[PDB]
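Visitor: Okay, handing you the structure first.
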Protein chains: 2
Amino acid sequence: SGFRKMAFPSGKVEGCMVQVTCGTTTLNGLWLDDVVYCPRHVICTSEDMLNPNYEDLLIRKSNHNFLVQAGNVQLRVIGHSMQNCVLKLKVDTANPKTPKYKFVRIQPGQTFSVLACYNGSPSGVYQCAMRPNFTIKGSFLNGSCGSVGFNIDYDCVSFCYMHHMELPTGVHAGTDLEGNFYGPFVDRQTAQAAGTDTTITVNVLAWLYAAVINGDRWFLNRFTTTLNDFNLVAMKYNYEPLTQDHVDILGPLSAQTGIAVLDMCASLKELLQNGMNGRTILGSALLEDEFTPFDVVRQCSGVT
Amino acid sequence: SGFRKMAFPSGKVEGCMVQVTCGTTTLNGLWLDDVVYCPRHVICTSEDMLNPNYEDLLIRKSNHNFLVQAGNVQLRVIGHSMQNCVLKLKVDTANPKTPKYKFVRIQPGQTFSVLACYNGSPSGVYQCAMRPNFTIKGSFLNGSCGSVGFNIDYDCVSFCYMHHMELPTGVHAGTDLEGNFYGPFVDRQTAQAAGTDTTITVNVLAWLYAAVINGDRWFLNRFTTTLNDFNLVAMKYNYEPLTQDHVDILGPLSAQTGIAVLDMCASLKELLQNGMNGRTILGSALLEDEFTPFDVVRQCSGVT
Ligand SMILES: Cc1ccncc1NC(=O)[C@H]1C[C@H](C2CC2)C1
Ligand SMILES: Cc1ccncc1NC(=O)[C@H]1C[C@H](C2CC2)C1
């Protein structure tokens, strides 16, 4: 028992972190096979970041200008290319610590772990969720760019995120491992405002099932609702609309606890309308939305 | 910016996790140098756990009864001994992945990361705090015993905890790496109730400084207090008494923000007396006490 914001073990990702320096900017790179992946804004100076033309900036850069260091040893750069907002540095040595890996572009609502890094060195690991406005509420300082987000299925690491920037509101923006930004953000020092940060309804429900499984049941009520009635309530409180796809994914949790999905929606509805009244659920005084139904099943079953 | 419940990177600890089987019980072991550390209750059967005599139980066990497997390879056991509530299995091979390490017995209020494991395999990593009642609010299922708690200083892993049991209240109990239980708990299937779980005052204050550093300032007030006045309030709300030692450790945070420690205590006092009034601090609707002043400084500076 006990329910925690758990991140994946980070060892397989630690073995891929390298430091990339270009000119006077140092950030993190991801070394997989003979390729180092890093944010293309590594080639920018402070003046360049206001309105950068990456194609023009990259012309003045050669393989020897990109300094890649893994631990205390230097990697020889034999090729460089730009793929959207990421640079791919072909090195002459394949990373001996390369795990089985995939590059996946996640959907908003999905969760992942972040290995925050500085100068190619890991500082910590935490669990995140891609917000419905395509931002992440991370913990990143200057030098953390190139830190990656990932999920693990037994031995395979699915890289889903690479950190690029902090918006003026302190929230974070970045790309998948193909260089495409999540959301409408661009890698430029310009004010870009985030859209409405709605709550991930299916995740809150999965977390409510995790609470029932672990003993916290006070919020269970004698009511039920319909998908349309629930969604009227969800709209009012800036919750994501729940679909039958979301109900389908909650199926294993509904089966284990014996509480029908719509019954849990009615409990969630009363919680939205009345609040917690000074009480807590899983040691939290607010409704947690950064546990997917898969994370709840994984944690409550002990998947390694 | 952004403030997250961050765990240490777990790679160095993943390389030490092994599976230990004795008879029909399988749990986790920690392989450092040529020694495997695991909970001594691995030698117990269900009937034994009610009132076990570990010295008597250990007499009927030989080196060959302890099956140690690291990944898919078997370790040869050449010695076994009991040190308090942990068994030390001398193996003929030193762990090639042994990091620089120390065994430390932490004080309540101190935080650490837990690499939850099942069958010698890591499932996840989360941040914990040793509660003032010597329990931990973890996330552990059957098979997770032997999972360890640790902190990291650059390259040195300080092992501070080894998981042993779940109390009937769903909270967790365990030992330091010398086999001594934190608190008054014994490794026996008997009801053992936890003491008052007070809030770690110095940690809440450190988290309030982290909130000011990251933009959340609404809770700052025009008041101040004294250590004795604050402690009257802290006693009422089951908060740990604050000492000048705690004030000393908050010094770097007080210096960075320019908010005197006692001024922050007055803000905390008003928060205890009035509540959050539906507001949040660092995305939390309750006062977080599992960030030490050291964790706040580390995260807010980017220590790797
Ligand atoms: C200062 C900081 C903190 C956290 N995360 C990231 C950063 N860095 C940035 O946001 C910088 C590089 C960005 C360029 C437009 C691409 C501006
Ligand atoms: C079932 C479980 C779940 C989480 N953590 C731990 C456990 N296991 C236990 O508490 C068992 C082994 C204990 C023996 C008295 C020493 C009883």
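Residues are referred to by chain and number: the chain letter is A, B, ... according to the order shown in the structure tokens, the number counts from 1 in that chain, and ligands are numbered separately from 1 in the order shown.
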When DSSP is applied to the backbone of this structure, which of segment 90-282 of chain A are assigned strand (DSSP E or B)? Write them out as a PyMOL selection string.
Guide: chain A and resi 90-91+100-103+111-118+121-129+136+148-153+156-166+172-175+181+199+239+281
Visitor: Can you write just those residues out, C-alpha atoms, as a short mmCIF file (atom, residue, chain, number, x, y, z; two decimals), in the first residue's frame?
Guide:
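The resulting file, again-v3.cif, is reproduced below:
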data_model
loop_
_atom_site.label_atom_id
_atom_site.label_comp_id
_atom_site.auth_asym_id
_atom_site.auth_seq_id
_atom_site.Cartn_x
_atom_site.Cartn_y
_atom_site.Cartn_z
CA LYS A 90 27.00 12.16 -35.62
CA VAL A 91 29.85 10.97 -33.43
CA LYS A 100 16.77 -0.46 -26.34
CA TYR A 101 14.95 2.75 -27.33
CA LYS A 102 12.14 4.37 -29.31
CA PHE A 103 11.18 7.95 -30.13
CA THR A 111 2.78 11.17 -18.09
CA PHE A 112 6.59 10.66 -18.24
CA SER A 113 9.72 10.94 -16.11
CA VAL A 114 12.24 13.75 -16.51
CA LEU A 115 15.93 13.32 -15.79
CA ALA A 116 16.90 16.98 -15.10
CA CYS A 117 20.56 17.51 -16.11
CA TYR A 118 23.19 20.29 -16.00
CA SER A 121 25.26 15.46 -15.39
CA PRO A 122 22.00 14.29 -13.80
CA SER A 123 20.71 16.31 -10.85
CA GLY A 124 17.36 14.57 -10.27
CA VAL A 125 14.37 12.68 -11.57
CA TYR A 126 10.67 13.54 -11.32
CA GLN A 127 7.34 12.58 -12.83
CA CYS A 128 5.58 15.00 -15.25
CA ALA A 129 2.48 15.10 -17.45
CA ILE A 136 5.01 20.81 -18.71
CA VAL A 148 14.80 14.42 -21.63
CA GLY A 149 11.40 12.96 -20.72
CA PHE A 150 10.85 9.25 -21.12
CA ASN A 151 8.81 6.15 -20.22
CA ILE A 152 10.11 2.54 -19.82
CA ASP A 153 8.55 -0.78 -20.90
CA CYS A 156 12.91 -0.30 -23.79
CA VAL A 157 13.18 3.45 -23.11
CA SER A 158 10.64 5.52 -25.10
CA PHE A 159 12.04 9.04 -25.31
CA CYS A 160 9.13 11.46 -25.59
CA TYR A 161 10.41 14.90 -24.60
CA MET A 162 13.47 17.13 -24.77
CA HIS A 163 13.50 20.35 -22.77
CA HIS A 164 13.98 23.60 -24.76
CA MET A 165 12.57 26.59 -22.91
CA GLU A 166 10.86 28.29 -20.06
CA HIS A 172 8.15 24.65 -19.67
CA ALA A 173 8.14 23.95 -23.42
CA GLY A 174 9.97 21.44 -25.53
CA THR A 175 10.02 18.97 -28.35
CA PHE A 181 7.64 21.23 -30.38
CA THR A 199 -7.40 19.24 -15.65
CA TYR A 239 -11.74 19.67 -16.74
CA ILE A 281 -7.07 11.99 -0.64
#
Visitor: Please tabulate, as a Markdown table, the residues of chain B that come within 12 Å of ligand 1, each with its closest pair of atoms and the distance in Å to one decimal, counting only C-alpha atoms and all ligand atoms and ordering rows by chain, then residue number upward.
Guide:
| residue | atom | partner | partner_atom_place_in_ligand_line | distance |
| --- | --- | --- | --- | --- |
| B:1 | CA | ligand 1 | 4 (C) | 6.2 |
| B:2 | CA | ligand 1 | 4 (C) | 8.5 |
| B:3 | CA | ligand 1 | 4 (C) | 11.4 |
| B:214 | CA | ligand 1 | 3 (C) | 11.6 |
| B:300 | CA | ligand 1 | 3 (C) | 11.1 |
| B:301 | CA | ligand 1 | 3 (C) | 11.5 |
| B:302 | CA | ligand 1 | 3 (C) | 10.9 |
Visitor: Since we have the selection now, will you write its residues out, keeping C-alpha atoms, as a CSV table (one decimal), in the first residue's frame?
Guide:
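Writing done, so here's part_10.csv:
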chain,number,residue,atom,x,y,z
B,1,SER,CA,11.9,27.9,-12.2
B,2,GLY,CA,9.3,25.3,-11.1
B,3,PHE,CA,9.6,23.2,-8.0
B,214,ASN,CA,9.6,30.5,-7.7
B,300,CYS,CA,17.1,25.9,-6.7
B,301,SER,CA,20.8,26.0,-7.6
B,302,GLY,CA,21.1,22.9,-9.8
Visitor: Please identify the residues whose atoms come within 8 Å of ligand 2, using only C-alpha atoms and all ligand atoms, and report them as a PyMOL selection string.
Guide: (chain A and resi 1) or (chain B and resi 41+49-50+139-145+163-167+170+172+186-190)
Visitor: Tell me, which residues of segment 97-244 of chain B carry DSSP alpha helix (DSSP H), written as JSON, numbers by chain?
Guide: {"B": [201, 202, 203, 204, 205, 206, 207, 208, 209, 210, 211, 212, 213, 227, 228, 229, 230, 231, 232, 233, 234, 235, 236, 244]}
Visitor: What lies within 10 Å of residue 191 of chain B using only C-alpha atoms, ignoring chain neighbours under 6 positions off, as a compact mmCIF listing (two decimals) with N, CA and C atoms, in the first residue's frame?
Guide:
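To be explicit, this is the file written out as part.txt:
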# COMPACT_ATOMS: atom_id res chain seq x y z
N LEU B 167 3.11 -1.54 8.30
CA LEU B 167 2.31 -1.56 9.52
C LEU B 167 0.86 -1.69 9.11
N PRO B 168 -0.02 -2.23 9.99
CA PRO B 168 -1.43 -2.40 9.61
C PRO B 168 -2.13 -1.13 9.13
N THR B 169 -1.55 0.04 9.39
CA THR B 169 -2.07 1.34 8.94
C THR B 169 -1.57 1.77 7.54
N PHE B 185 9.85 -0.30 16.04
CA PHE B 185 9.33 -1.45 15.33
C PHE B 185 10.27 -2.64 15.36
Visitor: Calculated over only C-alpha atoms, which of the candidates A:253, A:272, A:85, A:67 has the smallest distance to residue 236 of chain A?
Guide: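 Ranking A:253, A:272, A:85, A:67 by distance to residue 236 of chain A, first place goes to A:272.
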Visitor: What lies within 7 Å of residue 289 of chain B using only C-alpha atoms, ignoring chain neighbours under 6 positions off, as a list in words?
Guide: residues 199, 200, 201, 203 and 204 of chain B
